[PDB]
There are 2 protein chains.
Amino acid sequence: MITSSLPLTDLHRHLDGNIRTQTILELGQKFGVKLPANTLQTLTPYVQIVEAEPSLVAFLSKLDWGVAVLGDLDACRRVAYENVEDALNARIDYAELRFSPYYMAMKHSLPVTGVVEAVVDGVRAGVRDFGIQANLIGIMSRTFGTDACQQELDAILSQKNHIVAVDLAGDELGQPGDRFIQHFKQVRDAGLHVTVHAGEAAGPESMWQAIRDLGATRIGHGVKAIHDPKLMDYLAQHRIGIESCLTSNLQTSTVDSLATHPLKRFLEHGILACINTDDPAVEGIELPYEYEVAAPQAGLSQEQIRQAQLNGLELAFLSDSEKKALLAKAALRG
Amino acid sequence: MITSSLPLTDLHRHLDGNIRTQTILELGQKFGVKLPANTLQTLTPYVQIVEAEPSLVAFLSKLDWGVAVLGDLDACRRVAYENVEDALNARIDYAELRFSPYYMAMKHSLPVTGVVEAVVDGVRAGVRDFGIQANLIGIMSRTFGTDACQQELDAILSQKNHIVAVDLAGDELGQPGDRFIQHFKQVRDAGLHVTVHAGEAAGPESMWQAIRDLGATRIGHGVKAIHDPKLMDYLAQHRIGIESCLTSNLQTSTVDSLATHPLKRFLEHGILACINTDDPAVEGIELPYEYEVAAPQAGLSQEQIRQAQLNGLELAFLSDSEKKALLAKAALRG
Ligand SMILES: OC[C@H]1O[C@@H](n2cnc3c2N=CNC[C@H]3O)C[C@@H]1O
Ligand SMILES: OC[C@H]1O[C@@H](n2cnc3c2N=CNC[C@H]3O)C[C@@H]1O
Ligand code: NA
Ligand SMILES: [Zn+2]
Ligand SMILES: [Zn+2]
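Engineer: Give a detailed account of the UniProt feature "active site" in chain A, specifying residues and quantitative values.
Structural biologist: Residues and elements named next belong to chain A. According to UniProt, the "active site" feature falls on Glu 200. You can see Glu 200 is positioned in the loop between β5 (193-198) and α10 (204-213). Taking the relative accessible area as the measure of exposure, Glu 200 reaches 4% and is therefore buried. In this structure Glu 200 touches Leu 56, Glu 172, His 221, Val 223, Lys 224, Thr 252 and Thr 254, once residues within four positions along its chain are discounted.

Encoded structure:
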């Protein structure tokens, strides 16, 4: 259960893996994109996980129809705006929305810098209209190779005043993190924070590399650390964040069952693990369900769920002043 | 792929497991039913399978919120009507819609005979407005016991001029078929056809009991027959229909993977097996997806998928005249 008197964060939330099916249908029709189906219920299985996919890359294909309908920059602004509304309705007080502008732009060859600007505009309008707090994380989609990721990084950095961090996401096995060392040097020299998807499809060596050579202070998933006691020791004493995504790990077959998900053992090890959605529309979940159903099925007690909620606040890419303010604001509730 | 020049049937399709999430929200608000969430995206994981459930009854719990909002007889009429529109939109030419009026009625204590009449009315209005062909199958929900099922059967038979068959559905292992012998004697005495959910959670012994003691000429699922070579010979020799539900069997964990689903081996044994949805809204699928994605993943060639499509026509609870007319109507398309 969500604790009302604590801020509720979502720190690992892909806005371009969270496109409403109704929006896919409308933009698909607006741009003449031939979709596999033409009603909400018949399109649902093509844009949403039906049962667990056998791999991370099989799961990633489910996001494709959502970005296939981004026919102009206004479409990207719309999806970004709608994502702020969805975060509000999911009870989130502070959301970090991550997005890959290269991935969003590639089906209709949109200008990647234009896509970054449109997403900034859409989230800014959404924050104004819906009243939650939000920050942006730019993703380098490793899947498309280092050259595409450099083009994507250039676009992200041109709006660095509005973006708090850069992420590495996509096909972890096919494009290991040691190919992006010089990309993340540019990220840190620009003063941005670093989170990295690691230890999901690949093993603990990917997490070590992200920590040591990419400068990650948060890791997306990180579930393979359960096999590396020294790594779990390091995560705890260096306060590296673990962005846990329970349903996502099931649906990529990264974790065979919630009963064996490592989140509970991470928390028992004093690791700063937090609870997140990942790709809510693709997965068919939202944040309250992860708290109310998934986390108890992963064996967490209510005390452990509250600890994880607090960890999300501590891990946010915010100043301590802003974290203080969020805690003090939520403490008046409940 | 669906074969356009062939009739498309759905013979195993629970109307009370196919209630639109938007309709759940609207009726929930109408009748003051406190739902676990209040928007489409947040309510979805509570009314739809997220990943495979560990058991049949864990899957069945996903249906509860849809029937919890059936606050009056007109709500039942509405979801029956909306079910015909959904079948039309799923490209179905002939649907057999099955429903448990006792289950629909129990949350708000509706008159069970009233629910049956409302469902007949709604499907009749839908068949008029949407133009497909449909029949009704009344379900005894074994889950609630022999007395409840007798009351349910009485209500179904009061409309037997508008219902073609009676089914047994629910918790198969908790309420075995041998408890309902007298119920299905009444079904056959009234002249109705018999289909039985069997060989899903229990073994092939349950399928034998349905055939020999309940008089079933079609079996819902029947996936455990793959372990009984004598039963497979019998199914083929006696033309006993097998109503296959690919996604459903994954989501109940009845079958470990589509590649190991028995549908392909059934067809190769000459068994009349057909492709169906089961509970499309709960599963997050629809019939074209089963044909286009699930069936190839189950290893079927296009030739076998076509044979399964023809098998659905042959297994329909229709006269040979009506089957000929369906074939003739579809033959002009493509
Ligand atoms: O935001 C879109 C980009 O992120 C990837 N992406 C989206 N969701 C995930 C991704 N990557 C890796 N792991 C699985 C899950 O956490 C796809 C695309 O490149
Ligand atoms: O029509 C609603 C009734 O049918 C049951 N029911 C609904 N879907 C299924 C059911 N039963 C058994 N097997 C799994 C799947 O095929 C639930 C309720 O009793
Ligand atoms: Na779902
Ligand atoms: Zn992610
Ligand atoms: Zn069924």
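Engineer: Hey, could you go over the interface of chain A and chain B for me, with residue numbers and the actual values?
Structural biologist: Facing the 26 residues of chain A at the interface are 28 residues of chain B. With both sides pooled, the region where chain A packs onto chain B buries about 2,200 Å², and carbon together with sulfur makes up 57% of that total. Counting the surface chain A buries against chain B, the share from its top three residues, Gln 41, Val 50 and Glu 51 of chain A, is 28%. Where chain A meets chain B, there are zero salt bridges. Viewed at the interface, chain B and chain A are joined by five residue pairs in polar contact. Put simply, the parts of the chain that give the side of chain A that touches chain B at least two residues each are α2 (40-47), α12 (246-251), α14 (280-283) and α15 (287-297) of chain A. The greatest single-element share of the side of chain A that touches chain B, amounting to five residues, is contributed by α2 of chain A.

Engineer: Explain the site of ligand 1 to me, using residue names and the numbers behind them.
Structural biologist: All names here are of chain A. Neighbouring ligand 1 are 16 residues; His 14, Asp 16, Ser 141, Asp 278 and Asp 279 lie closest to it. Measuring from an oxygen atom of ligand 1, one finds a side-chain N or O atom of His 14 at 2.7 Å. Side-chain polar atom of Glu 200 to a nitrogen atom of ligand 1: 2.8 Å apart, as the coordinates give it. Its residues assigned to classes, the shell around ligand 1 comprises six nonpolar, six polar and four charged.

Engineer: Any chance you could break down the nonpolar core for me, citing the residues and the numbers?
Structural biologist: Among the nonpolar cores identified, the biggest contains 98 residues, and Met 104, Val 119, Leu 136, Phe 184, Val 196, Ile 219 and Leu 235 of chain A are the most heavily contacted of them. Residue contributions to this core peak at eight residues, all from helix α7 (residues 112-130) of chain A. Leave out the neighbours within four places in its chain, and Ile 219 of chain A touches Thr 195, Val 196, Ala 198, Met 207, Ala 210, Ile 211, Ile 240, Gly 241, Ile 242 and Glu 243 of chain A. Counting residues in hydrophobic clusters, the runner-up holds 97 residues, among them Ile 2, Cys 76, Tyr 102 and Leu 153 of chain B.

Engineer: Residue-level account of the environment of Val 33 of chain A, with values.
Structural biologist: Residue and element names in this part refer to chain A. Relative to the helices and strands, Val 33 resides in the loop between α1 (21-31) and α2. Counting along the chain gives 38 residues from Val 33 to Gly 71, while the straight-line C-alpha distance between them is 8.9 Å. Leaving out residues up to four positions away in the same chain, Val 33 has contacts with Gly 28, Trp 65, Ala 68, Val 69 and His 108.

Calculation notes
Residues numbered from 1 in each chain as written, not as in the entry; some residues may be left out. Chains lettered and ligands numbered in written order. Heavy atoms only, no water. UniProt positions renumbered as here; feature names shortened; annotations may be inferred. Helix = DSSP H or I, 4+ residues; strand = E, 2+ residues; numbered from the N terminus. Buried < 20%, exposed > 50% of the residue type's maximum accessible area, 1.4 Å probe, protein only. Contact = heavy atoms within 4.5 Å. Buried area = accessible area lost by both parts, 1.4 Å probe. Salt bridge = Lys/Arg side-chain N within 4 Å of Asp/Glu carboxyl O. Polar contact = N/O pair within 3.5 Å; in protein donor to acceptor, adjacent residues only side chain to side chain. Near = heavy atom within 4 Å. Nonpolar A, V, L, I, M, F, W, Y, C, P; charged D, E, K, R; others polar. Core = buried A, V, L, I, M, F, W, Y, C linked by side-chain atoms within 4.5 Å.

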